[PDB]
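> sequence-free structure coming up:
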Ligand SMILES: *[C@@H]1O[C@H](CO)[C@@H](O[C@@H]2O[C@H](CO)[C@@H](O[C@@H]3O[C@H](CO[C@H]4O[C@H](CO)[C@@H](O)[C@H](O[C@H]5O[C@H](CO)[C@@H](O)[C@H](O)[C@@H]5O[C@H]5O[C@H](CO)[C@@H](O)[C@H](O)[C@@H]5O)[C@@H]4O)[C@@H](O)[C@H](O[C@H]4O[C@H](CO)[C@@H](O)[C@H](O)[C@@H]4O[C@H]4O[C@H](CO)[C@@H](O)[C@H](O)[C@@H]4O)[C@@H]3O)[C@H](O)[C@H]2NC(C)=O)[C@H](O)[C@H]1NC(C)=O
Ligand SMILES: *[C@@H]1O[C@H](CO)[C@@H](O[C@@H]2O[C@H](CO)[C@@H](O[C@@H]3O[C@H](CO[C@H]4O[C@H](CO)[C@@H](O)[C@H](O)[C@@H]4O)[C@@H](O)[C@H](O[C@H]4O[C@H](CO)[C@@H](O)[C@H](O)[C@@H]4O[C@H]4O[C@H](CO)[C@@H](O)[C@H](O)[C@@H]4O)[C@@H]3O)[C@H](O)[C@H]2NC(C)=O)[C@H](O)[C@H]1NC(C)=O
Ligand SMILES: *[C@@H]1O[C@H](CO)[C@@H](O[C@@H]2O[C@H](CO)[C@@H](O[C@@H]3O[C@H](CO[C@H]4O[C@H](CO)[C@@H](O)[C@H](O)[C@@H]4O)[C@@H](O)[C@H](O[C@H]4O[C@H](CO)[C@@H](O)[C@H](O)[C@@H]4O)[C@@H]3O)[C@H](O)[C@H]2NC(C)=O)[C@H](O)[C@H]1NC(C)=O
Ligand SMILES: *[C@@H]1O[C@H](CO)[C@@H](O[C@@H]2O[C@H](CO)[C@@H](O[C@@H]3O[C@H](CO)[C@@H](O)[C@H](O[C@H]4O[C@H](CO)[C@@H](O)[C@H](O)[C@@H]4O)[C@@H]3O)[C@H](O)[C@H]2NC(C)=O)[C@H](O)[C@H]1NC(C)=O
Ligand SMILES: *[C@@H]1O[C@H](CO)[C@@H](O[C@@H]2O[C@H](CO)[C@@H](O[C@@H]3O[C@H](CO)[C@@H](O)[C@H](O)[C@@H]3O)[C@H](O)[C@H]2NC(C)=O)[C@H](O)[C@H]1NC(C)=O
Ligand SMILES: *[C@@H]1O[C@H](CO)[C@@H](O[C@@H]2O[C@H](CO)[C@@H](O[C@@H]3O[C@H](CO)[C@@H](O)[C@H](O)[C@@H]3O)[C@H](O)[C@H]2NC(C)=O)[C@H](O)[C@H]1NC(C)=O
Ligand SMILES: *[C@@H]1O[C@H](CO)[C@@H](O[C@@H]2O[C@H](CO)[C@@H](O[C@@H]3O[C@H](CO)[C@@H](O)[C@H](O)[C@@H]3O)[C@H](O)[C@H]2NC(C)=O)[C@H](O)[C@H]1NC(C)=O
Ligand SMILES: *[C@@H]1O[C@H](CO)[C@@H](O[C@@H]2O[C@H](CO)[C@@H](O[C@@H]3O[C@H](CO)[C@@H](O)[C@H](O)[C@@H]3O)[C@H](O)[C@H]2NC(C)=O)[C@H](O)[C@H]1NC(C)=O
Ligand SMILES: *[C@@H]1O[C@H](CO)[C@@H](O[C@@H]2O[C@H](CO)[C@@H](O[C@@H]3O[C@H](CO)[C@@H](O)[C@H](O)[C@@H]3O)[C@H](O)[C@H]2NC(C)=O)[C@H](O)[C@H]1NC(C)=O
Ligand SMILES: *[C@@H]1O[C@H](CO)[C@@H](O[C@@H]2O[C@H](CO)[C@@H](O)[C@H](O)[C@H]2NC(C)=O)[C@H](O)[C@H]1NC(C)=O
Ligand SMILES: *[C@@H]1O[C@H](CO)[C@@H](O[C@@H]2O[C@H](CO)[C@@H](O)[C@H](O)[C@H]2NC(C)=O)[C@H](O)[C@H]1NC(C)=O
Ligand SMILES: *[C@@H]1O[C@H](CO)[C@@H](O[C@@H]2O[C@H](CO)[C@@H](O)[C@H](O)[C@H]2NC(C)=O)[C@H](O)[C@H]1NC(C)=O
Ligand SMILES: *[C@@H]1O[C@H](CO)[C@@H](O[C@@H]2O[C@H](CO)[C@@H](O)[C@H](O)[C@H]2NC(C)=O)[C@H](O)[C@H]1NC(C)=O
Ligand SMILES: *[C@@H]1O[C@H](CO)[C@@H](O)[C@H](O)[C@H]1NC(C)=O
Ligand SMILES: *[C@@H]1O[C@H](CO)[C@@H](O)[C@H](O)[C@H]1NC(C)=O
Ligand SMILES: *[C@@H]1O[C@H](CO)[C@@H](O)[C@H](O)[C@H]1NC(C)=O
Ligand SMILES: *[C@@H]1O[C@H](CO)[C@@H](O)[C@H](O)[C@H]1NC(C)=O
């Protein structure tokens, strides 16, 4: 029996790394409130109501979230689907017209604009007639083209923009990723998983956990938080161009609002097309803001400073600065709240210093009605105003940082907020996953023959 | 007087090209693979219940 | 890991009142069966721990009907109808789906005076 | 409780267990390999890619001596330079992931030898039944 | 130089060679038969048509006596009016293209005879194992 | 190909401010970072700052903050979506800043990092 | 910070020979980038990630090394290749190795 005869085996558990498309699976509970309310309530399969992970044993798979392909497929799929949820809505070509604007009725102090009362001609249901109509636009949407002044919208120089139908909600619903046939999805479970390298306790799973898609720049919200302690993640920490993601342990709470009691008003641009304009401000003119608890925020910065001293030496001076500059929605804090896009100045959180040994922070917010997210060539959208005072409450899951330094050996390490690419917001929720391909045909020796 | 069309209050409407006829042509339903289509043949078939042929 | 906590931690309850303790699950506990595999444990001191009920609804044979349990996948609790002296002991919540199997903290029902 | 044995009858549970214990639960990876307007095209294309991969593997298994068998036996001997390890350590110690990365260079040679073996077996069977 | 023998192991190279020499390289036509937004629909439809054709041929081969065999043997005899040519000239002279256009009328008769043969073989096998 | 045209040489006074326009053409400008670097004669190289032109997030060296600002200009017409412009305005000039200023772009490879600099500018000579 | 010492400062050779330039770092575990700069022209990338040549670079520029010792070898010198060579890791540059004609 010194001879060994080769035997094949079909259905052997052994995988090799590969990349493929993944189909999304939204939960069927969103189907109970039907009729296109959020996206992918029609363009998405319902889930298995019985998810079943299968904890493996004595197994080591190398994970690397930075060279992952699933985050890139998600960044493509959200853009393509977000464009697919604007084509039935009304294009706002005819509203791009010369505006005659004045100040809103207010005790103007001679130091702020921030609202404009713009009258303009507009077509009617019939093609022949026309109507004078007034609206209220923000100052970040009108530009003085060169008596009362004479303005135009800012998108008119490059591209007309579809407004969003108010039957379509902007709020996230959890998106699962069920793997197709032939492939599988692994999952790290090590609580001290750095981000790159071996995770010595993996678990295969047929469909991923609840991923709610938020859109935010300075500090990501409602993001699955780590369990044992606050963690930081990077690719090369001694590199400057790569962001330094941070995931919290305790969710610090933020409250945001808009005190102006609006009045939504319908204008018929064309037959079958209606335009929604900010009609009147009853109540009082009060600026939008956000509040976090000062004590918990000082404690949470104490935790992240305790964590950052490991990678940099125990005797360094970690200090936090505000953003260096750039466009609007990378310096300020961008998010959506009830279907209306805020931009909140965050210099009031990011100023401190840290040496080796009740109230609440207010921070102002500015609002745009038109938005250009993902920075395409000729697509913006006009987010319509919403009736009444709105507010929304959110847990802060983590924040995105950025180190800087040129030379001259100083002990300080100034950190500033980041943003930039939208993909970093997804790399804080697809870090523990990896897609694999089954190769079920393996071959091995044993003692047997086949009988002729 | 001074009139307008009735659809102008809500929606403009595509007219039908006169190359497109409206008349019916018979539509058959061939079953796909794996399935089959049964057919009652009982002349006294009420609408609900067993058809024994 | 799917560690749990127990609210509250100790209830001295008189002989003949209703006691109710909850365990909250971080992740959902659903198997391919559909029944949420959670067990309720009692341990009289210096012994082996028993089983109070099964999943939420079924009951361990050799246990009286002074125990009931409720839950809807996410957060679970009990209701004890009548209190005895043998009902002294340490209680636990146990999971049966994911590895490693987690436990609750442990509650000690006491006497009132 | 579910039980730890439900891990081994589960999908891909034997991936860390030894080679002598994955052969009992080897059919679950075989069974869960097949079944499981732009989005319709993506999902349709992925599903037909999966069934083309399964059909390619069944055709490559059928031109050997085992068209419908999970376990098989052949008639070609192991060159000792392939893995030079005895029977007890490659069926009680090693895992399949480690075994796949120890013979990864020699696999096309094995497939060619199996094709030659089945070809000569077919012509020998035809020569045996030709005389009757 | 590549070599002229790489013609015969290539795809469809034996198409001009004799019938007695195409059976050795007969598996290449078997292997290259399967694997290989409007454009996505056209390419997807062509690929599923190819796998439906392959699966139809495998089902029509499986209801005979050879489910996973490239070469096969049956139990029905040749009516002499089918081709009336002896063994040496139809395995050393003729090509398969010429053979296909000499029995093109009689093929459905052959397929019906094979179906009857496998049906009676199944009932005879059931009668043989019924007595045990 | 990839081209990085700059502006010509310039003579400035101490206390003034200089603006240098690095025009980039040949690739998608909304993707890859732009870095700025300066050759001081008989002192070596020194990094200045980077800019990501998708939004314009910038970073600067520690010993140059409060002195340098960097902006960008994208291309908005869909007929030429590739070209783009970077702007560096360097203020607080001293006679120590008599140097040669370069704008660079990343390596184009998927294996190379961020700081390996493949494509370079022609060179702006700044004399204070 | 990171200090890069680059030596030899001045290397005097004749064409056809082999040049060796070594860059010492302070921290270890990173890559190293090698630039060529001729006199009065635009600088040029030679080596990125410590062993890979740039596009349009002949194979006679070989680089290796690990940890702190980083080596750049230029076998089979040319008349054109006499220039200044820099080692850049991240944003901390070297100072320069000048390659001079010997006679
Ligand atoms: C991070 O995560 C957090 C957590 O989710 C996010 O906070 C949420 O943000 C949501 C914004 O997208 C926000 O949702 C809005 O809530 C508005 C407030 O009204 C709701 O809440 C009250 C009190 O809580 C509740 O009483 C209402 O209804 C309850 O009862 C009915 C019964 O009929 C239920 O159907 C309903 O689900 C709800 O159930 C409650 O009780 C059951 C028990 O029976 C519990 O199981 C439930 O959990 C719940 O507690 C309200 O639902 C509300 O005004 C908003 O609704 C408007 O907008 C949506 C579009 O988004 C539209 O579909 C609606 O129809 C409605 O529009 C119409 O009305 C407008 C006003 O008249 C009008 O202008 C429009 O034109 C339409 O006519 C919306 O539901 C949610 O409340 C908060 N969560 C909390 C706790 O506050 C946070 O946003 C995340 N962060 C980021 C950055 O996204
Ligand atoms: C954004 O900017 C737009 C303009 O671009 C602005 O719209 C204009 O607002 C003003 C108010 O600030 C409006 O002016 C008032 O209009 C009402 C309504 O007019 C109707 O009634 C008259 C009666 O003759 C009819 O002829 C006409 O056709 C309309 O049907 C008038 O009632 C107002 O008159 C009152 O105010 C005068 C101010 O001097 C008084 O002198 C006068 O006596 C009236 O007072 C009486 O009525 C009051 C209301 O009941 C009552 O409070 C008093 O005690 C008293 O009894 C005035 O003319 C103007 O019409 C609007 N223009 C349009 C086109 O709508 C928006 O308001 C502005 N919005 C913001 C947020 O800035
Ligand atoms: C996230 O966390 C992971 C860990 O899960 C980090 O990955 C590893 O990190 C360690 C240190 O943090 C790195 O280890 C270092 O490797 C050097 C290279 O030697 C190794 O490689 C050679 C072959 O190339 C082997 O022959 C050798 O045996 C080693 O395996 C070592 O030289 C380093 O030694 C250090 O310690 C000694 C004494 O303790 C000192 O004298 C040295 O000077 C030096 O300080 C060290 O062991 C390892 O390379 C990392 N691996 C990978 C794959 O990255 C990630 O870095 C971390 N990432 C983030 C973003 O946080
Ligand atoms: C409507 O808005 C107007 C906005 O101009 C507002 O008028 C201002 O009100 C304030 C407070 O009522 C007046 O008083 C100022 O505030 C304090 C009060 O102690 C002083 O310190 C200020 O002195 C400074 O400013 C003066 C003028 O700029 C300087 O001369 C002086 O040296 C100080 O620098 C000042 O007294 C303020 O004067 C008026 N402004 C004017 C132009 O009258 C008005 O109150 C608002 N009304 C309502 C009903 O909301
Ligand atoms: C980060 O913090 C710094 C200061 O801590 C901010 O710098 C400040 O920027 C504003 C303008 O952006 C300066 O305001 C001044 O406004 C008046 C009136 O318009 C104008 O005349 C001045 O020329 C100037 O623009 C302010 O002086 C300046 N502060 C300092 C100390 O320089 C910076 O804006 C913060 N970053 C972000 C993103 O908010
Ligand atoms: C970032 O945080 C620092 C705290 O470290 C903030 O400094 C604070 O600034 C305010 C005014 O801007 C100071 O209030 C007043 O200052 C005067 C001195 O001009 C003082 O005499 C008064 O008694 C009053 O306190 C405050 O004192 C100061 N904090 C400290 C500890 O001195 C800074 O404003 C923050 N940055 C931003 C953009 O908010
Ligand atoms: C953000 O994260 C925090 C965690 O710090 C969440 O707070 C906790 O959420 C759970 C469930 O969402 C709450 O449990 C509730 O208990 C009551 C008890 O009667 C029960 O009626 C509910 O059905 C639910 O089980 C828990 O109380 C709550 N903790 C606090 C302090 O509020 C929070 O929900 C997350 N989301 C937001 C928008 O804040
Ligand atoms: C499958 O066959 C290939 C082909 O021989 C094997 O690749 C060979 O792997 C060895 C490592 O065991 C290489 O040796 C190494 O060479 C580098 C060259 O600088 C040297 O620095 C190292 O110290 C080491 O000696 C060898 O070069 C390489 N062959 C070729 C042609 O590159 C491969 O290992 C085989 N697979 C298995 C699982 O054995
Ligand atoms: C398969 O069977 C068919 C059916 O018999 C064969 O077709 C027959 O072919 C012969 C030629 O060999 C035809 O004869 C010719 O008829 C025409 C009629 O005008 C005449 O002008 C010619 O001179 C010649 O005699 C015969 O008519 C035809 N049968 C029918 C019904 O049309 C076919 O040849 C068979 N296939 C093979 C490969 O033999
Ligand atoms: C509308 O608001 C603008 C901005 O305050 C006013 O324009 C100038 O405001 C400055 C104060 O910052 C004054 O010093 C100028 O005198 C204002 N210009 C004029 C022509 O008055 C403007 O007055 C406001 N009102 C209107 C009707 O435009
Ligand atoms: C589109 O219109 C905007 C708004 O006027 C232009 O942006 C301004 O351009 C001028 C001169 O180019 C600058 O001085 C302003 O600072 C710009 N303002 C803003 C807010 O960017 C823009 O140049 C126009 N683009 C095209 C292609 O016509
Ligand atoms: C954010 O808003 C919520 C809701 O208004 C606040 O939660 C309440 O806060 C009050 C005190 O302000 C307490 O009396 C209530 O018991 C809280 N209710 C709940 C359900 O938490 C929250 O405090 C606000 N956060 C901040 C930082 O102000
Ligand atoms: C669309 O236009 C039609 C035609 O005028 C409107 O229908 C009339 O509405 C008035 C008042 O609402 C009634 O008195 C008439 O009896 C209606 N006539 C008919 C034939 O229905 C209709 O209200 C308009 N709808 C909208 C949304 O503007
Ligand atoms: C927060 O509290 C710590 C503890 O004393 C202190 O060192 C730190 O300066 C405080 N920071 C702020 C912003 O209050
Ligand atoms: C840094 O300081 C912390 C203090 O908590 C200590 O635990 C750790 O070992 C120190 N590490 C080094 C490298 O000094
Ligand atoms: C041969 O097998 C025995 C166990 O049967 C094992 O102990 C021994 O190490 C093996 N020999 C080699 C050379 O691997
Ligand atoms: C029979 O076969 C022989 C060769 O074995 C051949 O020469 C002969 O022609 C054949 N007979 C007929 C009738 O074809």
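Nice, I can see it. Numbering: from 1, shown residues only, chains lettered A, B, ... in the order given. Ligands and ions are numbered 1, 2, ... in the order given.

> got a list of what residue 81 touches?
I'll assume chain A. Residues near residue A:81 by C-beta atoms under 8 Å, 6 or more residues apart in numbering or on different chains: A:39-40, A:43. Quick note: C-beta positions are derived from backbone N, CA and C, even for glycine.

> my bad, chain F
Residue F:81 makes contacts with A:377, F:28, F:75, as judged by C-beta under 8 Å, 6+ apart.

> what do you get for residue F:70?
With contacts taken as C-beta under 8 Å, 6+ apart, residue F:70 has the following neighbours: F:36, F:49, F:51, F:58, F:60, F:86-89.

> With secondary structure, distance to residue A:153 and neighbour count added, can I get the residues you listed in a markdown table?
Written out in a markdown table, the entries for those read as follows (DSSP: H, G, I helix; E, B strand; the rest coil; distance: C-beta to C-beta, whole Å; neighbours: other C-beta atoms under 10 Å in any protein chain shown):
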| residue | secondary structure | distance to residue A:153 | neighbour count |
| --- | --- | --- | --- |
| F:36 | strand | 35 | 24 |
| F:49 | strand | 34 | 23 |
| F:51 | strand | 28 | 26 |
| F:58 | strand | 28 | 26 |
| F:60 | strand | 34 | 23 |
| F:86 | strand | 28 | 25 |
| F:87 | strand | 26 | 15 |
| F:88 | strand | 31 | 23 |
| F:89 | strand | 29 | 13 |
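
> for residue A:28, phi and psi?
Backbone dihedrals for residue A:28, given as degrees, to the nearest 10, come out at phi -70, psi -10.

> what's around it, how many residues?
Residue A:28 sits with 12 neighbouring residues when counted by other C-beta atoms under 10 Å in any protein chain shown.

> Against residue A:222, how distant is it?
Residue A:28 sits 21 Å away from residue A:222, taking C-beta to C-beta, to the nearest Å as the criterion.

> same check, this time on residue A:128
Computed with C-beta to C-beta, the distance linking residue A:128 and residue A:222 is 51 Å.

> burial count for residue A:157?
Look at residue A:157: counted by other C-beta under 10 Å, it has 11 neighbours.

> Which positions in stretch A:202-221 come out as buried?
Using 16 or more other C-beta atoms under 10 Å in any protein chain shown as the test for burial, stretch A:202-221 gives A:202-209, A:211, A:213-221.

> From those, list the ones also adjacent to chain D.
Of the entries in the buried residues of stretch A:202-221, those that also sit close to chain D under the rule C-beta under 8 Å from any C-beta of the partner chain are A:204, A:206.

> contacting residues for residue D:68?
Residues in contact with residue D:68, defined by C-beta under 8 Å, 6+ apart, are D:62, E:67-68.

> just the residues you listed now: which is nearest residue G:17?
Within the contacts of residue D:68, proximity to residue G:17 (C-beta to C-beta) peaks at residue D:62, which comes in at 64.0 Å.

> Quick check: phi and psi on the residue in chain D positioned nearest to ligand 6?
Ranking the residues of chain D by distance to ligand 6 (C-beta to the nearest ligand atom) places residue D:39 first, at 46.9 Å. Note on residue D:39: its backbone torsions stand at phi -70, psi -30 [degrees, to the nearest 10].

> For the spatially closest residue to it that is not a sequence neighbour, which three-state class applies?
Here the nearest residue to residue D:39 in space, its sequence neighbours aside, is residue A:43; by C-beta to C-beta, 6 or more residues apart in numbering or on different chains that works out to 5.3 Å. In terms of secondary structure, residue A:43 is coil; the call rests on DSSP: H, G, I helix; E, B strand; the rest coil.

> pretty sure residue A:43 is in contact with residue A:84, am I right?
Yes: contact criterion C-beta atoms under 8 Å: residue A:43 and residue A:84 qualify, at 7.5 Å.

> one step back: can you list the contacts of residue D:68 in JSON lines and add secondary structure and distance to residue E:3?
Written out in JSON lines, the entries for the contacts of residue D:68 read as follows (DSSP: H, G, I helix; E, B strand; the rest coil; distance: C-beta to C-beta, whole Å):
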{"residue": "D:62", "secondary structure": "helix", "distance to residue E:3": "29"}
{"residue": "E:67", "secondary structure": "coil", "distance to residue E:3": "36"}
{"residue": "E:68", "secondary structure": "coil", "distance to residue E:3": "32"}
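
> isn't residue A:106 right up against residue A:284?
No: counting by C-beta under 8 Å, residue A:106 does not reach residue A:284; the two are 9.7 Å apart.

> okay, residue A:128 and residue A:222: which has more neighbours?
residue A:222 (15 against 7).

> And the more buried one, how far from ligand 8?
Using C-beta to the nearest ligand atom, to the nearest Å, one gets 46 Å for the distance from residue A:222 to ligand 8.

> was I right about that residue contacting residue A:212?
Yes: at 5.9 Å, residue A:222 and residue A:212 qualify as touching, with contact defined as C-beta under 8 Å.

> anything in contact with each of those two?
The contact sets of residue A:222 and residue A:212 overlap at residue A:172 (C-beta under 8 Å, 6+ apart).

> Where does the nearest residue to residue D:34 once chain neighbours are set aside sit: helix, strand or coil?
Nearest residue to residue D:34, sequence neighbours excluded (C-beta to C-beta, 6+ apart): residue D:54, at 5.2 Å. Put simply, residue D:54 is helix when judged by three-state DSSP.

> wait, residue D:54 sits on residue D:33?
Yes: under the criterion of C-beta under 8 Å, residue D:54 is in contact with residue D:33, at a separation of 6.0 Å.

> what's the closest non-adjacent residue to residue A:145?
Taking C-beta to C-beta, 6+ apart, and ignoring the residues beside it in sequence, residue A:145 has residue A:152 as its nearest neighbour in space, at 5.0 Å.

> Can you identify the element that follows the helix or strand containing the one you found toward the C-terminus?
When elements are defined using DSSP states H and E, residue A:152 is found to belong to strand A:151-153. Proceeding C-terminally, strand A:151-153 gives way to strand A:162-163 as the next helix or strand, assigned by DSSP H and E.

> Can you give the contact residues for that following strand?
Under the criterion C-beta under 8 Å, 6+ apart, external residues in contact with strand A:162-163 comprise A:86-87, A:89-92, A:275-276, A:379, A:381-384.
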